[PDB]
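Source file: model_38.pdb. Holds: PDB, C-alpha atoms.
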ATOM      1  CA  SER A   1       0.000   0.000   0.000  1.00  0.00           C
ATOM      2  CA  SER A   2       2.964   2.324   0.550  1.00  0.00           C
ATOM      3  CA  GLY A   3       4.281   2.239  -2.988  1.00  0.00           C
ATOM      4  CA  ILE A   4       4.916   0.143  -5.979  1.00  0.00           C
ATOM      5  CA  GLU A   5       6.297  -2.990  -4.480  1.00  0.00           C
ATOM      6  CA  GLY A   6       7.134  -6.126  -6.262  1.00  0.00           C
ATOM      7  CA  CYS A   7      10.425  -7.816  -5.746  1.00  0.00           C
ATOM      8  CA  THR A   8      13.675  -5.920  -5.962  1.00  0.00           C
ATOM      9  CA  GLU A   9      16.269  -8.258  -7.460  1.00  0.00           C
ATOM     10  CA  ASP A  10      19.368  -7.875  -9.582  1.00  0.00           C
ATOM     11  CA  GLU A  11      19.142  -9.131 -13.157  1.00  0.00           C
ATOM     12  CA  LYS A  12      22.752 -10.239 -13.386  1.00  0.00           C
ATOM     13  CA  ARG A  13      24.704 -12.817 -11.525  1.00  0.00           C
ATOM     14  CA  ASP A  14      27.984 -11.360 -10.502  1.00  0.00           C
ATOM     15  CA  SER A  15      29.414 -14.378  -8.844  1.00  0.00           C
ATOM     16  CA  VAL A  16      30.423 -16.845 -11.501  1.00  0.00           C
ATOM     17  CA  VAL A  17      31.787 -19.792  -9.631  1.00  0.00           C
ATOM     18  CA  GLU A  18      34.352 -21.134 -12.017  1.00  0.00           C
ATOM     19  CA  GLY A  19      35.612 -24.679 -11.906  1.00  0.00           C
ATOM     20  CA  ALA A  20      38.509 -24.440  -9.573  1.00  0.00           C
ATOM     21  CA  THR A  21      41.019 -27.062 -10.355  1.00  0.00           C
ATOM     22  CA  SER A  22      42.396 -28.154  -7.028  1.00  0.00           C
ATOM     23  CA  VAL A  23      46.155 -27.874  -6.984  1.00  0.00           C
ATOM     24  CA  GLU A  24      47.073 -30.896  -4.849  1.00  0.00           C
ATOM     25  CA  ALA A  25      44.104 -33.070  -4.026  1.00  0.00           C
ATOM     26  CA  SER A  26      43.145 -34.068  -0.581  1.00  0.00           C
ATOM     27  CA  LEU A  27      44.074 -37.334   1.027  1.00  0.00           C
ATOM     28  CA  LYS A  28      40.664 -38.810   0.220  1.00  0.00           C
ATOM     29  CA  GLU A  29      41.091 -38.312  -3.464  1.00  0.00           C
ATOM     30  CA  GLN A  30      44.747 -39.223  -3.264  1.00  0.00           C
ATOM     31  CA  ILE A  31      44.157 -42.659  -1.868  1.00  0.00           C
ATOM     32  CA  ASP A  32      41.110 -43.109  -3.939  1.00  0.00           C
ATOM     33  CA  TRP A  33      43.148 -42.309  -7.027  1.00  0.00           C
ATOM     34  CA  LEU A  34      45.543 -45.065  -6.013  1.00  0.00           C
ATOM     35  CA  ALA A  35      42.552 -47.370  -5.878  1.00  0.00           C
ATOM     36  CA  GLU A  36      41.264 -45.857  -9.166  1.00  0.00           C
ATOM     37  CA  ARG A  37      44.463 -46.642 -10.958  1.00  0.00           C
ATOM     38  CA  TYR A  38      44.260 -50.248  -9.834  1.00  0.00           C
ATOM     39  CA  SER A  39      40.587 -50.305 -10.678  1.00  0.00           C
ATOM     40  CA  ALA A  40      41.131 -48.888 -14.145  1.00  0.00           C
ATOM     41  CA  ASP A  41      41.046 -51.090 -17.203  1.00  0.00           C
ATOM     42  CA  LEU A  42      43.445 -49.946 -19.856  1.00  0.00           C
ATOM     43  CA  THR A  43      43.146 -52.878 -22.215  1.00  0.00           C
ATOM     44  CA  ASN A  44      42.422 -50.173 -24.875  1.00  0.00           C
ATOM     45  CA  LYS A  45      46.168 -49.896 -24.835  1.00  0.00           C
ATOM     46  CA  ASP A  46      48.094 -52.687 -26.446  1.00  0.00           C
ATOM     47  CA  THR A  47      50.883 -52.935 -24.048  1.00  0.00           C
ATOM     48  CA  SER A  48      53.652 -54.128 -26.307  1.00  0.00           C
ATOM     49  CA  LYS A  49      56.398 -54.549 -23.709  1.00  0.00           C
ATOM     50  CA  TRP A  50      56.329 -51.366 -21.705  1.00  0.00           C
ATOM     51  CA  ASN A  51      59.787 -51.006 -20.338  1.00  0.00           C
ATOM     52  CA  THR A  52      58.734 -49.264 -17.245  1.00  0.00           C
ATOM     53  CA  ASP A  53      60.117 -52.000 -15.026  1.00  0.00           C
ATOM     54  CA  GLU A  54      63.356 -51.927 -16.914  1.00  0.00           C
ATOM     55  CA  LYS A  55      63.652 -48.160 -16.803  1.00  0.00           C
ATOM     56  CA  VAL A  56      62.980 -48.049 -13.087  1.00  0.00           C
ATOM     57  CA  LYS A  57      65.480 -50.834 -12.667  1.00  0.00           C
ATOM     58  CA  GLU A  58      68.043 -48.390 -13.914  1.00  0.00           C
ATOM     59  CA  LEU A  59      66.580 -45.365 -12.154  1.00  0.00           C
ATOM     60  CA  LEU A  60      65.173 -46.860  -8.909  1.00  0.00           C
ATOM     61  CA  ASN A  61      67.635 -49.816  -8.467  1.00  0.00           C
ATOM     62  CA  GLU A  62      67.377 -53.473  -9.433  1.00  0.00           C
ATOM     63  CA  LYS A  63      64.959 -53.894  -6.518  1.00  0.00           C
ATOM     64  CA  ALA A  64      62.378 -52.195  -8.764  1.00  0.00           C
ATOM     65  CA  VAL A  65      62.242 -55.236 -11.028  1.00  0.00           C
ATOM     66  CA  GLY A  66      58.663 -55.839 -12.140  1.00  0.00           C
ATOM     67  CA  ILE A  67      57.481 -52.502 -10.871  1.00  0.00           C
ATOM     68  CA  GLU A  68      53.954 -52.482 -12.303  1.00  0.00           C
ATOM     69  CA  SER A  69      53.231 -55.895 -10.903  1.00  0.00           C
ATOM     70  CA  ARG A  70      54.401 -54.598  -7.540  1.00  0.00           C
ATOM     71  CA  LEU A  71      52.393 -51.427  -7.981  1.00  0.00           C
ATOM     72  CA  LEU A  72      49.167 -53.192  -8.671  1.00  0.00           C
ATOM     73  CA  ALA A  73      49.833 -55.709  -5.929  1.00  0.00           C
ATOM     74  CA  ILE A  74      50.352 -52.948  -3.385  1.00  0.00           C
ATOM     75  CA  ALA A  75      47.405 -51.021  -4.788  1.00  0.00           C
ATOM     76  CA  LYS A  76      45.348 -54.228  -4.511  1.00  0.00           C
ATOM     77  CA  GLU A  77      46.423 -54.425  -0.842  1.00  0.00           C
ATOM     78  CA  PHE A  78      45.232 -50.895  -0.398  1.00  0.00           C
ATOM     79  CA  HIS A  79      42.047 -51.671  -2.354  1.00  0.00           C
ATOM     80  CA  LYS A  80      41.434 -54.558   0.061  1.00  0.00           C
ATOM     81  CA  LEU A  81      41.687 -52.053   2.841  1.00  0.00           C
ATOM     82  CA  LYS A  82      39.846 -49.198   1.074  1.00  0.00           C
ATOM     83  CA  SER A  83      36.910 -51.465   0.416  1.00  0.00           C
ATOM     84  CA  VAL A  84      36.561 -51.838   4.155  1.00  0.00           C
ATOM     85  CA  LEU A  85      37.378 -48.191   4.866  1.00  0.00           C
ATOM     86  CA  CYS A  86      35.138 -46.708   2.198  1.00  0.00           C
ATOM     87  CA  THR A  87      31.389 -47.074   2.010  1.00  0.00           C
ATOM     88  CA  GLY A  88      30.054 -49.023  -0.978  1.00  0.00           C
ATOM     89  CA  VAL A  89      33.412 -50.229  -2.187  1.00  0.00           C
ATOM     90  CA  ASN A  90      33.788 -53.861  -3.231  1.00  0.00           C
ATOM     91  CA  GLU A  91      36.926 -55.775  -2.308  1.00  0.00           C
ATOM     92  CA  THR A  92      37.443 -57.090  -5.777  1.00  0.00           C
ATOM     93  CA  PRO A  93      37.382 -54.765  -8.819  1.00  0.00           C
ATOM     94  CA  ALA A  94      36.358 -55.873 -12.279  1.00  0.00           C
ATOM     95  CA  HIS A  95      38.534 -53.452 -14.071  1.00  0.00           C
ATOM     96  CA  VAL A  96      41.988 -54.310 -12.940  1.00  0.00           C
ATOM     97  CA  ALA A  97      45.001 -52.407 -14.223  1.00  0.00           C
ATOM     98  CA  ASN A  98      47.973 -54.282 -15.587  1.00  0.00           C
ATOM     99  CA  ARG A  99      50.235 -51.524 -16.875  1.00  0.00           C
ATOM    100  CA  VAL A 100      51.752 -48.365 -15.494  1.00  0.00           C
ATOM    101  CA  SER A 101      53.507 -46.021 -17.909  1.00  0.00           C
ATOM    102  CA  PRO A 102      56.635 -43.958 -16.912  1.00  0.00           C
ATOM    103  CA  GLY A 103      54.368 -40.924 -17.057  1.00  0.00           C
ATOM    104  CA  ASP A 104      51.858 -42.601 -14.726  1.00  0.00           C
ATOM    105  CA  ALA A 105      54.598 -43.809 -12.438  1.00  0.00           C
ATOM    106  CA  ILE A 106      55.640 -40.280 -11.597  1.00  0.00           C
ATOM    107  CA  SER A 107      52.200 -39.610 -10.297  1.00  0.00           C
ATOM    108  CA  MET A 108      51.824 -43.067  -8.750  1.00  0.00           C
ATOM    109  CA  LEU A 109      55.133 -42.845  -6.847  1.00  0.00           C
ATOM    110  CA  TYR A 110      54.207 -39.513  -5.420  1.00  0.00           C
ATOM    111  CA  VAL A 111      50.703 -40.710  -4.577  1.00  0.00           C
ATOM    112  CA  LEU A 112      51.868 -43.888  -2.822  1.00  0.00           C
ATOM    113  CA  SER A 113      54.376 -41.967  -0.777  1.00  0.00           C
ATOM    114  CA  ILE A 114      51.603 -39.543   0.264  1.00  0.00           C
ATOM    115  CA  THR A 115      49.369 -42.477   1.145  1.00  0.00           C
ATOM    116  CA  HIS A 116      51.931 -43.943   3.533  1.00  0.00           C
ATOM    117  CA  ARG A 117      52.518 -40.448   4.952  1.00  0.00           C
ATOM    118  CA  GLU A 118      48.818 -40.047   5.737  1.00  0.00           C
ATOM    119  CA  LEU A 119      48.566 -43.614   7.033  1.00  0.00           C
ATOM    120  CA  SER A 120      51.429 -43.003   9.426  1.00  0.00           C
ATOM    121  CA  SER A 121      49.733 -39.790  10.446  1.00  0.00           C
ATOM    122  CA  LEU A 122      46.416 -41.648  10.679  1.00  0.00           C
ATOM    123  CA  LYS A 123      47.850 -44.207  13.092  1.00  0.00           C
ATOM    124  CA  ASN A 124      49.367 -41.431  15.133  1.00  0.00           C
ATOM    125  CA  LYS A 125      46.137 -39.517  15.232  1.00  0.00           C
ATOM    126  CA  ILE A 126      43.946 -42.520  15.921  1.00  0.00           C
ATOM    127  CA  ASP A 127      46.181 -43.520  18.794  1.00  0.00           C
ATOM    128  CA  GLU A 128      45.501 -40.138  20.351  1.00  0.00           C
ATOM    129  CA  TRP A 129      41.744 -40.770  20.366  1.00  0.00           C
ATOM    130  CA  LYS A 130      42.242 -44.435  21.267  1.00  0.00           C
ATOM    131  CA  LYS A 131      43.912 -42.891  24.308  1.00  0.00           C
ATOM    132  CA  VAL A 132      40.840 -40.680  24.711  1.00  0.00           C
ATOM    133  CA  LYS A 133      38.231 -41.968  27.067  1.00  0.00           C
ATOM    134  CA  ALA A 134      35.265 -40.488  28.918  1.00  0.00           C
ATOM    135  CA  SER A 135      36.726 -37.128  29.646  1.00  0.00           C
ATOM    136  CA  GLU A 136      35.607 -34.124  31.715  1.00  0.00           C
ATOM    137  CA  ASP A 137      34.909 -32.325  28.488  1.00  0.00           C
ATOM    138  CA  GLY A 138      31.962 -34.603  27.885  1.00  0.00           C
ATOM    139  CA  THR A 139      33.949 -36.765  25.633  1.00  0.00           C
ATOM    140  CA  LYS A 140      32.733 -40.183  24.711  1.00  0.00           C
ATOM    141  CA  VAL A 141      35.123 -43.031  23.998  1.00  0.00           C
ATOM    142  CA  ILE A 142      36.172 -42.809  20.430  1.00  0.00           C
ATOM    143  CA  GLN A 143      35.021 -46.140  19.156  1.00  0.00           C
ATOM    144  CA  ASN A 144      33.680 -45.302  15.753  1.00  0.00           C
ATOM    145  CA  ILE A 145      35.251 -43.670  12.737  1.00  0.00           C
ATOM    146  CA  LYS A 146      32.253 -41.318  12.705  1.00  0.00           C
ATOM    147  CA  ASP A 147      33.122 -40.228  16.172  1.00  0.00           C
ATOM    148  CA  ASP A 148      33.793 -36.628  16.914  1.00  0.00           C
ATOM    149  CA  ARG A 149      37.530 -36.821  17.017  1.00  0.00           C
ATOM    150  CA  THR A 150      37.903 -39.270  14.209  1.00  0.00           C
ATOM    151  CA  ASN A 151      35.457 -37.444  11.996  1.00  0.00           C
ATOM    152  CA  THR A 152      37.353 -34.201  12.597  1.00  0.00           C
ATOM    153  CA  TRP A 153      40.551 -35.703  11.178  1.00  0.00           C
ATOM    154  CA  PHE A 154      38.831 -37.432   8.374  1.00  0.00           C
ATOM    155  CA  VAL A 155      36.841 -34.396   7.240  1.00  0.00           C
ATOM    156  CA  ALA A 156      39.928 -32.186   7.323  1.00  0.00           C
ATOM    157  CA  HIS A 157      41.831 -34.631   5.161  1.00  0.00           C
ATOM    158  CA  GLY A 158      39.133 -34.681   2.504  1.00  0.00           C
ATOM    159  CA  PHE A 159      37.208 -37.660   3.696  1.00  0.00           C
ATOM    160  CA  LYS A 160      33.629 -36.842   3.170  1.00  0.00           C
ATOM    161  CA  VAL A 161      31.232 -38.603   5.579  1.00  0.00           C
ATOM    162  CA  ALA A 162      29.608 -40.597   2.739  1.00  0.00           C
ATOM    163  CA  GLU A 163      33.037 -41.791   1.644  1.00  0.00           C
ATOM    164  CA  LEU A 164      34.192 -43.168   4.944  1.00  0.00           C
ATOM    165  CA  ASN A 165      32.767 -46.493   6.054  1.00  0.00           C
ATOM    166  CA  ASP A 166      31.877 -46.878   9.700  1.00  0.00           C
ATOM    167  CA  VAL A 167      34.213 -49.244  11.439  1.00  0.00           C
ATOM    168  CA  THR A 168      35.523 -49.309  14.982  1.00  0.00           C
ATOM    169  CA  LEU A 169      38.408 -47.078  15.808  1.00  0.00           C
ATOM    170  CA  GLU A 170      40.254 -49.801  17.596  1.00  0.00           C
ATOM    171  CA  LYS A 171      39.863 -52.190  14.688  1.00  0.00           C
ATOM    172  CA  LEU A 172      40.953 -49.422  12.336  1.00  0.00           C
ATOM    173  CA  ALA A 173      43.935 -48.866  14.638  1.00  0.00           C
ATOM    174  CA  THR A 174      44.900 -52.455  14.312  1.00  0.00           C
ATOM    175  CA  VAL A 175      44.519 -52.448  10.547  1.00  0.00           C
ATOM    176  CA  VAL A 176      46.440 -49.236  10.051  1.00  0.00           C
ATOM    177  CA  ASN A 177      49.208 -50.345  12.372  1.00  0.00           C
ATOM    178  CA  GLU A 178      49.755 -53.626  10.588  1.00  0.00           C
ATOM    179  CA  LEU A 179      49.712 -51.905   7.215  1.00  0.00           C
ATOM    180  CA  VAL A 180      52.099 -49.105   8.196  1.00  0.00           C
ATOM    181  CA  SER A 181      54.472 -51.808   9.409  1.00  0.00           C
ATOM    182  CA  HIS A 182      53.816 -54.023   6.357  1.00  0.00           C
ATOM    183  CA  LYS A 183      57.213 -55.275   5.194  1.00  0.00           C
ATOM    184  CA  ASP A 184      56.590 -55.131   1.432  1.00  0.00           C
ATOM    185  CA  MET A 185      54.788 -51.826   1.755  1.00  0.00           C
ATOM    186  CA  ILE A 186      57.698 -50.173   3.609  1.00  0.00           C
ATOM    187  CA  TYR A 187      60.090 -51.719   1.147  1.00  0.00           C
ATOM    188  CA  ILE A 188      58.405 -50.266  -1.887  1.00  0.00           C
ATOM    189  CA  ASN A 189      57.625 -47.030  -0.098  1.00  0.00           C
ATOM    190  CA  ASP A 190      61.170 -46.377   1.052  1.00  0.00           C
ATOM    191  CA  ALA A 191      62.466 -47.209  -2.415  1.00  0.00           C
ATOM    192  CA  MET A 192      60.006 -44.721  -3.876  1.00  0.00           C
ATOM    193  CA  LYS A 193      61.037 -42.309  -1.152  1.00  0.00           C
ATOM    194  CA  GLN A 194      64.570 -42.605  -2.430  1.00  0.00           C
ATOM    195  CA  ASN A 195      63.533 -42.100  -6.016  1.00  0.00           C
ATOM    196  CA  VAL A 196      61.311 -39.162  -5.256  1.00  0.00           C
ATOM    197  CA  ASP A 197      64.050 -37.565  -3.189  1.00  0.00           C
ATOM    198  CA  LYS A 198      66.558 -38.173  -5.925  1.00  0.00           C
ATOM    199  CA  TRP A 199      64.124 -36.800  -8.487  1.00  0.00           C
ATOM    200  CA  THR A 200      63.461 -33.695  -6.467  1.00  0.00           C
ATOM    201  CA  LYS A 201      67.225 -33.072  -6.056  1.00  0.00           C
ATOM    202  CA  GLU A 202      67.504 -33.741  -9.739  1.00  0.00           C
ATOM    203  CA  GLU A 203      64.612 -31.375 -10.388  1.00  0.00           C
ATOM    204  CA  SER A 204      66.356 -28.644  -8.440  1.00  0.00           C
ATOM    205  CA  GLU A 205      69.593 -29.358 -10.330  1.00  0.00           C
ATOM    206  CA  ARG A 206      67.698 -29.040 -13.607  1.00  0.00           C
ATOM    207  CA  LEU A 207      66.036 -25.872 -12.377  1.00  0.00           C
ATOM    208  CA  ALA A 208      69.406 -24.380 -11.532  1.00  0.00           C
ATOM    209  CA  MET A 209      70.815 -25.726 -14.781  1.00  0.00           C
ATOM    210  CA  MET A 210      68.098 -24.147 -16.869  1.00  0.00           C
ATOM    211  CA  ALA A 211      68.359 -20.877 -15.080  1.00  0.00           C
ATOM    212  CA  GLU A 212      72.131 -20.679 -15.035  1.00  0.00           C
ATOM    213  CA  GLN A 213      73.201 -22.714 -18.047  1.00  0.00           C
ATOM    214  CA  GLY A 214      70.190 -22.803 -20.223  1.00  0.00           C
ATOM    215  CA  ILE A 215      68.192 -20.084 -21.808  1.00  0.00           C
ATOM    216  CA  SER A 216      64.419 -20.481 -21.922  1.00  0.00           C
ATOM    217  CA  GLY A 217      63.488 -20.431 -25.588  1.00  0.00           C
ATOM    218  CA  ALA A 218      60.173 -20.382 -27.355  1.00  0.00           C
ATOM    219  CA  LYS A 219      58.305 -23.081 -25.554  1.00  0.00           C
ATOM    220  CA  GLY A 220      54.805 -23.458 -24.383  1.00  0.00           C
ATOM    221  CA  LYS A 221      53.623 -26.979 -24.023  1.00  0.00           C
ATOM    222  CA  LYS A 222      53.995 -30.117 -26.064  1.00  0.00           C
ATOM    223  CA  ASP A 223      51.096 -32.517 -26.539  1.00  0.00           C
TER     224      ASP A 223
END

Structure re-expressed in structure tokens:
Amino acid sequence: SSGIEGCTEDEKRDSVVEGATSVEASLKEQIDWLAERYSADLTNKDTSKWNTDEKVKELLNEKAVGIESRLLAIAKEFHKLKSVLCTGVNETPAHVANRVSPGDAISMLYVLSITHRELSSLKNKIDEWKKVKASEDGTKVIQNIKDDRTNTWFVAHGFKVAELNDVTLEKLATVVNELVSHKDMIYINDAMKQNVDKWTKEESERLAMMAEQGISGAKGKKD
């Protein structure tokens, strides 16, 4: 009755939420990617003797013999675990990867090393709340993964509630402790650790070399 009143709205949308490509994924996607690689069929590729295992035998020591087989075996081990740790995940994939390219390996080696880094952090964190009991703060015993303290670590690391499967904290503790101390796992992880360290020192050498020795020409990106 006071005036002409309808609905005062703006006709434009200022905020255009663009697809932000996440530089460095979270731990949830990281470990899931590890599982994804193992759960990816790449039979569309005729793998006519990929010398990945031979190349890494020269670059990552002779202990890297049959690297892809090791990679998918360790990823399978993690898939076995992720199927228990993630909701709706089956313990046996249908699409199983057989080949890892040198280009994939660089991502895989950095992923696997991250995975063991989070798992070692996970066991350290879960031990804290395993040590938590009924406290004066109104704290309940942390028995579930969807418990306050557990959930807080998981959410921060990228684990969305729907992603994480509800198991007991103390069972999880047991499973993460045996995996972090898994002989073959540590063996491949520390070997990767060496390679990734060597590659990063090599990267920095190349960086210095291109800055000091080289001269950046007309480059952009190769396909």

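Using only C-alpha atoms, the shortest contact distance between residue A:90 and any of A:50, A:35, A:19, A:199 is found at A:35.
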
Leaving out stretch 92-97 of chain A and any residue of its chain fewer than 2 positions from it, which residues lie within 6 Å of it when counting all atoms listed in the file, given as a VMD selection string? chain A and resid 38 to 41 90 99

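For the set A:131, A:160, A:63, A:70, the residue with the smallest atom-to-atom gap to residue A:87 is A:160, counting all atoms listed in the file.
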
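Note that the spacing between atom CA of residue A:49 and atom CA of residue A:75 amounts to 21.2 Å.
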
Report as a list in words the full result of the PyMOL selection byres ((chain A and resi 170) around 12) when it is applied to this structure. residues 123, 126, 127, 128, 129, 130, 131, 132, 141, 142, 143, 144, 145, 150, 166, 167, 168, 169, 171, 172, 173, 174, 175, 176 and 177 of chain A

Residue nearest residue A:76 among A:140, A:37, A:57, A:45 (counting all atoms listed in the file): A:37

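The shortest atom-to-atom distance to residue A:165, with all atoms listed in the file taken into account, belongs to A:89 out of A:17, A:89, A:7, A:31.
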
Can you tell me how far atom CA of residue A:109 sits from atom CA of residue A:161, in Å to one decimal? 27.3 Å
